[PDB]
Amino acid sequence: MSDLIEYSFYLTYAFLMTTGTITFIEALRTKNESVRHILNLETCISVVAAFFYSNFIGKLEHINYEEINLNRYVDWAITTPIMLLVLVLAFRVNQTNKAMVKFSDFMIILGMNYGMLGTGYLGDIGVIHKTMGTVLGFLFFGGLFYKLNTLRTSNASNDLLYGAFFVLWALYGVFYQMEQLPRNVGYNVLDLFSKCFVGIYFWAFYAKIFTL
């Protein structure tokens, strides 16, 4: 419907407020400093993404779908590095109970990440063909997730986390190719999973809320 399109913006916006609140409160109370650092970063992701969604929502009346998708890049440029830092710190917490990563390794991750995003952007503004942007983008994505895989030690949380990021982030590249309207809706739903459900997972995991 016209309804469900607008609803997708609100759903993600409100779930970002939920995720931001839950990680904020636990970041302020966890006794584990490494968990605090992860939950602190996670709060920042929700804060930033919520800001951009509030902008999008403020423009719904005369919505320009293409404009919105281009604006998302500003959000992505800020949140993707934070999300990736969280991922690699979490790998290490799961292995050694300390949040640490080599800065050099992290800069290589970011290089691949920004190659991926920058290529996507060049395609959207027509500096390169969209088709080329897609393939070159996915190549950088491959470099990103290969490098990520080298920092991962095998265990249930690390495998789920890696697998979730792999699939969710790949789907951005899939939705990239769609028309502006369905692309927006897909991205809204992907953000709900990649930011909010991931954040809620981190909280629930460290809080030991669930028995498997």
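The first residue of the sequence shown is number 1, and the count goes up from there.
In this crystal structure, the stretch out of 94-102 and 112-120 whose C-alpha atoms carry the higher mean B factor is 94-102.
Looking at mean Cα B-factors across 79-87 and 124-132, the upper value is held by 124-132. Highest CA B-factor among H37, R29, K147, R152, as stated in the entry: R152. The PDB entry assigns the greatest CA B-factor among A170, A156, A50, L41 to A156. Ranked against the other modelled residues of its chain, the C-alpha B-factor of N64 as given in the entry falls in the highest third.
Sort the modelled residues of the chain by CA B factor and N184 lands in the highest third. In the deposited entry, the Cα temperature factor of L161 sits in the top third of values across the chain's modelled residues. Compared with the other modelled residues of the chain, the Cα B-factor recorded for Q177 ranks in the highest third.
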